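What follows is a single structure, written as structure tokens, with notes after it.
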Amino acid sequence: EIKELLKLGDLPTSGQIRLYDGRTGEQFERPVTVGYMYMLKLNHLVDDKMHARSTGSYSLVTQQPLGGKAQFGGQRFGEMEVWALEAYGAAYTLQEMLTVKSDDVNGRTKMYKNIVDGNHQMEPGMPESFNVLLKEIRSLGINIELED
Amino acid sequence: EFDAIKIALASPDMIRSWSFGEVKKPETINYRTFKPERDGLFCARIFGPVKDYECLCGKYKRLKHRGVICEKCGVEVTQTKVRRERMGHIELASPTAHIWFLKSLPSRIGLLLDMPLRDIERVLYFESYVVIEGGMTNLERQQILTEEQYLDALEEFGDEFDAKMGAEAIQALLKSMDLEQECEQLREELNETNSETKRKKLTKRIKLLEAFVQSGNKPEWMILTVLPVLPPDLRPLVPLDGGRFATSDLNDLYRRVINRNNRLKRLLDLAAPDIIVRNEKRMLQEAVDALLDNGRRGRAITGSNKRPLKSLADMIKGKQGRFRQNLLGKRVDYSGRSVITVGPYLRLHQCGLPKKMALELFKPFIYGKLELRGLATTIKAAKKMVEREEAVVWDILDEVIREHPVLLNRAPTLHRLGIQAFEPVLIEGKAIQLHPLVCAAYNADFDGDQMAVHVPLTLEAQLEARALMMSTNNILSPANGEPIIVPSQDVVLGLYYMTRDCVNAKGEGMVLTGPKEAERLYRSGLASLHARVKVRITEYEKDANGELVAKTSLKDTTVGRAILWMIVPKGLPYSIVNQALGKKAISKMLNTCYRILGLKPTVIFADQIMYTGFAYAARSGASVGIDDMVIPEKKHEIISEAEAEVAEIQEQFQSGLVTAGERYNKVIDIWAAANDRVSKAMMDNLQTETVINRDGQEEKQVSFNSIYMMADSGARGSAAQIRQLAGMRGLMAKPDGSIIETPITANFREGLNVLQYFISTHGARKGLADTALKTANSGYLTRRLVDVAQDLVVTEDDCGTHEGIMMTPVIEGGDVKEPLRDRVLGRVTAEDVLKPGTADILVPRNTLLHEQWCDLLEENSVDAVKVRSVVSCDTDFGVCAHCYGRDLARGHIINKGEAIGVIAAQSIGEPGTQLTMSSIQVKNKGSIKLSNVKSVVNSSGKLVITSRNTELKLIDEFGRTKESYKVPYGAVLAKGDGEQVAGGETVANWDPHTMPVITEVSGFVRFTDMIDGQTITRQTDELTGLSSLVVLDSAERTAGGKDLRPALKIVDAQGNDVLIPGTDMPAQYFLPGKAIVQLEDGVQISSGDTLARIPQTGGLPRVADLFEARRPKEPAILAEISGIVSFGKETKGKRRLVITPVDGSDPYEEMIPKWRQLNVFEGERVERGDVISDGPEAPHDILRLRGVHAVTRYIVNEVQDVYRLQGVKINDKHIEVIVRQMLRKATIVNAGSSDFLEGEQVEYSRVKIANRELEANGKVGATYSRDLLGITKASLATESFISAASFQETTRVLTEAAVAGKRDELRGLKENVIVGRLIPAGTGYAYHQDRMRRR
Amino acid sequence: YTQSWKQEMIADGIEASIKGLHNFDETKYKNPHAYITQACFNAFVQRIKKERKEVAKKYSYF
Amino acid sequence: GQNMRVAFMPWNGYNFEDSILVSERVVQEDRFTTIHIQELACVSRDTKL
Amino acid sequence: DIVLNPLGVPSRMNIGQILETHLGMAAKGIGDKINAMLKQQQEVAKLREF
DNA sequence: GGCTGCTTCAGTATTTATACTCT
DNA sequence: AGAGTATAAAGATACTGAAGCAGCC
Ligand SMILES: [Mg+2]
Ligand SMILES: [Zn+2]
Ligand SMILES: [Zn+2]
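Chains as they are written, first to last, in the working numbering: chain A, 16 to 163; chain B, -9 to 1325; chain C, 119 to 180; chain D, 804 to 852; chain E, -11 to 38.
So, in structure tokens, the structure goes:
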């Protein structure tokens, strides 16, 4: 009955017709299938997704950049990404991706200054969430410290 | 800066010294002025000023008043940064216990006071007393007293003797426990100890006591008397990170503690009934416990929503403690996220990057360039300029981008190729362009996947992203050196439609003077694209010393192949094209290009392939119509005959001629038959619908049905899909796992009616749920994997050894499963290999085997090679390069420093989500070999083999084994050794439904020791009739003849025991129960008739349990040492078996369950590692008995087996290194001249170097046995605690480390990240070499 | 409402009643059931007031 | 949604994996445009002072 | 208007989306058979019959 | 008395209704 | 901030492991 209806029109019962290119005008061999399909639009609109961040709002407990798009939040650089970036001999990018670009407070300010001043260089320091962990264990009866 | 982290326990004086003043009051904030209380939880006087350089009164505000303290409040004027790190301390009235040290399982208290934990718990919660200083009465130093008993013993003995209950009691107890004397007494008692159980208990206790006495600790420090409090800005009253407000619940807990503490003190000014003081002390203990580690006590307390509030410790456990949430994986600045799209105009080393995002990310660079050129003066000038997006910022932007790589990443970063570098080009949109070849490493479809963009900053990061992670350096999957830039699915269809051949096409038969002529003829439309033609071509070649000589000829091709040949670079053979170019073909083309030419030409040529494939795929116009699904006009005939046949079977069963299970299986089989028939008919019809004339009558060729072109080219799909499209679609499963009788006799071109759609739906949803939970499990598995290895760094070049494994091609018995070429492809051999011309070496001893030597050994019919390995490497703290092999991502030896452990972990884990959840009829022709043979020629001319270690190895004519087969005890070989054999005929067959137990001598037999009533039973055979008196099992016999088992002492017609040939011990065997002797007694026996008859997962979980070394359910018992067998006391709980040597003393007299069917009889002689029972295997025994290489080859074999049924292809090096990390602990048995103890484990490297140092002098080292630990156990039982604390159950590992007072130099990776330093993997390896060499 | 407050209320009421039993008239009012009930009741309600106002402090700071 | 005229064929790879290629008789006729309504509110509270 | 990809069909066995596409065109075919019949004028009896 | 099979437990994947009177 | 106060009986995971514990030959 589909073919009967196609014949009531005039199109080929095969349902495929010959097309041409628009850039060259030379026929496409192997007749192709054109028709009418009911297309939708799903509300994952790209402008709701696209999001970047230069420098924004840190937290107080641990001075890591906030998370999400509602806030001016950075990206989640999870475990697996550290494993993978560690499989390469990539030893400096992994450093700066968890001391300067995230948490070392003095370090990241000096980084901003040295970037404005045309000097791509970093002073690592020591993270902050680590010191949080220390004061949090040492708050139990566990004397945890560092040697020389 | 700082050296190792050190940890210990905290004496109360230390807590006091840390603090800045005693917190005293339970209130926090003034509620109107929002100032701290006078001495509350937040008072500025203890910690510091709430704001910068001020007090609450308002008399100091600026640097004019820096350093001095206030007058009224007296708070010191300083920064506010110090309010983040100053602690406080509560002073408790009634001392309190540390719930870690009491419910840690084990209890570092419960095993130091030796009492079961219930007692110390009932004492601490005030329900019984404890007799401190039992003194001159009938009471013991650790005796508990019920209140009744206490009252009474006070009536009789209300003397000076001490008796208390509560934390102070245990405190005094621990205070009154000398340690050195206790340790000496336990040393003595252990020396005297006899049982193993109490021996183990005593050694655990003595280990803990030594741990204490050595380190600067003391037992009473487990009991809390002064409690340190957490600085306020680490738990601010309300955190206030926008939006919702949080609680920072610690505050609450703290308050309650102080509250109750305060209350207690006031009762000490009221002299209350001591029942109430006791109840208050109980409440205080409970509160301190719930604060330190909630939930550990019986019930956790909830603030609201019934959600248990987060105690202090729960800020370190779980997926959300500092470890798994903020020390390993933190959020980062300078980053973005978007959706992705294609842009097939890109090269391989660039990606799209929307203008908006790029403007946001590189902002500080832009400000720098502006303030350099002078286009602004202040920073805000630059900000406003950028904000108005003036026409000058764009040139600055596309200037700074010039060579500033970005790092792209996808969400689940499975393997190393989920994060790669690029150089971006600006784009007018909001989406990321991505080169269509790289969407395989990312496994990124375009259904709306998203990606993240990061930006390196410093010089080093840019150099690393450019030289290491660039997209044009990673074309070889580090798992297996196969190329990962395979053009996926449209390029393939283009290149496959191009290089083909129609039978008789326009412009055929001509002759062309080069490719360009073919191109012109195509564009001009004068000649078709796939038409047979003869064209001149030229080919360069590099047969010279790296020089390309040219040579031309007149080949016979089609137009398409000619055109394509313009793409191929210089030095390739033209034969690489003449074929029809499916998908695997072009992958091999790329591989050959890589091996022959190098790297840059390879990527260039792949890019060009992409261009051309896309172009001619478009030019094709390859739609997919509805008439591309053709139905065999006989499908209804196949189905009609199948359904007419099934009705006969149905009425046959119903009319009572067969059972129901048989009928069911018969219907299933006829349906499978019809299905395969119709699938074959359809596929053959569709593949050659071509019937076409060629200036003659007609001809046929491979068809042009677009669906077929998509199938055979490897473009998209398998023949199963086409089967479901045109033919019937299988039989679907059932929820249980069974199969329904009637199958689905329709397809996706007819219409499935309702029921069939229903059933298919069932199957589909089952699949989907499986996929979800499969990702779930595989994630955990790969986590454990990466954790256990986590630290192996190639730190040598040659460990200096001559060991290894005999790599040999695997054969499952029929077809080969892997040629030797692969197993040793790129792996340094141990010793030189000899031609099968023995004493004629073929390659030196220490050479890296790349493809040249691979083919060389391939043609010479080499069989097996002792190749080096990592399991037997000879390095302390690492592995040598040579033991590893080739990098598998670059065609050369692995460099010195690469972190092979992590890449191994990722490679083994990534494919995880792809997993799931007789006789010898030899077919080939070659020589036969036997193995482990003992046999006898039968009375029917044939030779029956009568051992269980027996195995056939069918060699070819050359000397390489091609088949292998197992023959059990007593199988009649048709042919002897050395004789050739053809295909089809059997070589041996036995009776599996019984146990042939023919004797291997000549003599006689009797019905001796076979007496009814007590030993045997009269039994008339119920099928033939001959007297077949079976012996009932001893458990079914009478009690007297239960141990009195029957025997048949084999003799001759004289009665003398017929000696087994050469043996002084004839076959005097205890025939077990269920041993039917159908033949009569006193009859002569010849070989060829038995003496008695005894009638008769694979998913990812398998990989998991094999890696954890789970022990099977019914293991197979092995042979510790040689000798003979004997049976004794029947079932002292379980049956008994004793084994004796031939010369040594018999040490093995063990229990065996009755059901165990023995596999070695009494007179038999076995050897170390021989098998005694049947069933699954236990790897620990494999290790301890057969050695180390046995277990490593075992594991390798089974895991490759699981990863082989699913087409996945993993090199072996990785499972080898995982194993090497599994077995790392050695248990000593003999000190030798060393100092270590008897039962304690040691790091194998440590005991090894200790031996090396003792044996430097004439002294004798220690003797040990290695042991196998599952990954989940060797991880936790490691050298460092931060490493293990980062892993599961931080509580236990942490408290044990604290008890011992450990120390961690962080010689590793997962711990040098927490600290945030240069890991010793890449450049960090060199840096650490230098830094360690500083000292 | 909650076991985190209720225990504090009970401990407070017990301390209050113990402190206050100092003043019980023995020659009249021969029932102390109601006496102790009233004491613990008053301490209960005081505790509930203090807690609720501390929570309000959290809000008012927010 | 809107029912369009569509042709099934590869096109220079701009519909490589599952991407879609769209003409400009669809961005011009504005038959896939939508309207969005963000609501914002401000209130006059009463604190101290 | 839109250029889909045929490779998406044979594996993800959703034949419907193609089969629909045929019917779709057929339907539009009867539209352009009226639009022409109606744009240039035409008595109502013919449209009735068609 | 030592050896052994159950047995129990530990480990892993926003928002809370009510003094009285002094003093 | 403190202190005197007098009816009342008011809940469906699943799997793995290790120490503990009664019992036996
Ligand atoms: Mg998708
Ligand atoms: Zn003041
Ligand atoms: Zn080595």
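In this text, a Cβ means the ideal position worked out from N, Cα and C, and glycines have one as well.
| Check | Outcome |
| --- | --- |
| Contact test: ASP435/B Cβ vs ligand 1 heavy atom, cutoff 6 Å | yes |
| Sheet register partners of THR1010/B (DSSP bridge) | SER1017/B |
| Residue-chain proximity (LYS64/A, chain D), Cβ-Cβ < 7 Å | no |
| Pairwise C-alpha distance: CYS45/B and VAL67/B | 8 Å |
| Any heavy atom of ligand 3 nearer than 5 Å to the CB - residues listed | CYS789/B, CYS863/B, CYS870/B, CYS873/B |
| In DSSP terms, what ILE1218/B is bridged to | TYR1254/B |
| Spatial distance of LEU424/B from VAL61/A (CA atoms) | 16 Å |
| Cutoff 6 Å; reference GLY1031/B; Cβ partners in own chain excluding five residues on either side | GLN1004, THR1005 |
| Neighbour flag for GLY974/B against chain D, beta carbons, 7 Å | no |
| Runs of alpha helix (DSSP H) lying entirely within the segment 331 to 407 of chain B, each at least 4 residues, in chain order | 345 to 351, 353 to 363, 369 to 377, 383 to 390 |
| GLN30/E versus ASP20/E: straight-line alpha-carbon distance, rounded | 15 Å |
| Given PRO139/A as reference, the closest of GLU151/A, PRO46/A, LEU113/A, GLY156/A once Cα atoms are compared | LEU113/A |
| Distance CB(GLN410/B)-CB(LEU427/B) smaller than 7 Å | no |
| Residues bridged to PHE151/B [DSSP beta-bridge criterion] | Partner(s): none; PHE151/B has no beta bridge. |
| Beta-carbon neighbours of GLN714/B, restricted to chain E and to distances below 7 Å | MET1 |
| Burial state of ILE36/B, where buried means 16 or more other Cβ atoms lie within 10 Å | buried |
| Where the alpha helix (DSSP H) containing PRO85/B begins and where it ends | Taken as a continuous stretch (DSSP letters only), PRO85/B belongs to no alpha helix (DSSP H), being part of the beta strand (DSSP E) at 78 to 87. |
| Check: residue 1327/B C-beta below 6 Å from any heavy atom of ligand 2 | Examination of residue 1327/B is not possible in this model, given that chain B is present from -9 through 1325 alone. |
| Where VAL40/B meets chain C, residues with beta-carbon distance less than 7 Å | Correct list: empty, because the minimum Cβ distance to chain C is about 12 Å. |
| Beta-carbon proximity of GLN139/B to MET105/B, cut-off 7 Å | no |
| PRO39/B versus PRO221/B - alpha carbon distance | 13 Å |
| Rounded straight-line distance, which links the Cα of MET137/A to that of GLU111/A | 8 Å |
| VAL825/D versus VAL(-9)/E: straight-line alpha-carbon distance, rounded | 7 Å |
| For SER954/B and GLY790/B, believed in contact at Cβ under 8 Å, the rounded distance | Contact doesn't hold; Cβ gap of about 36 Å is too wide. |
| CA-to-CA distance, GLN642/B to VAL648/B, given in whole angstroms | 7 Å |
| Neighbourhood of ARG835/B by C-beta, 6 Å cutoff - its chain only, sequence neighbours within 5 removed | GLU821, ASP822 |
| 7 Å Cβ cut-off: residues of chain A touching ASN316/B | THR77, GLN79, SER144 |
| Whole-Å CB distance - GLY611/B paired with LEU34/A, under 8 Å assumed | 7 Å |
| Proximity test, Cβ basis, 7 Å: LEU(-5)/E and chain B | yes |
| Pair within 7 Å by beta-carbon distance, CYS158/C and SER135/C | yes |
| Beta carbon proximity, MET25/E to chain A, threshold 7 Å | no |
| Heavy atom of ligand 2 within 6 Å of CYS63/B beta-carbon | yes |
| Where the segment 1 to 17 of chain E meets chain B: residues whose CB sits under 7 Å from a CB there | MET1, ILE3, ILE6, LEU7, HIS10 |
| Anticipated Cβ contact below 8 Å, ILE157/A with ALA0/B, distance rounded | 6 Å |
| Same chain, Cβ closer than 8 Å to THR1313/B, neighbours up to 5 away in sequence not counted | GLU450, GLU454 |
| Within-7 Å CB hit, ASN815/D to chain E | no |
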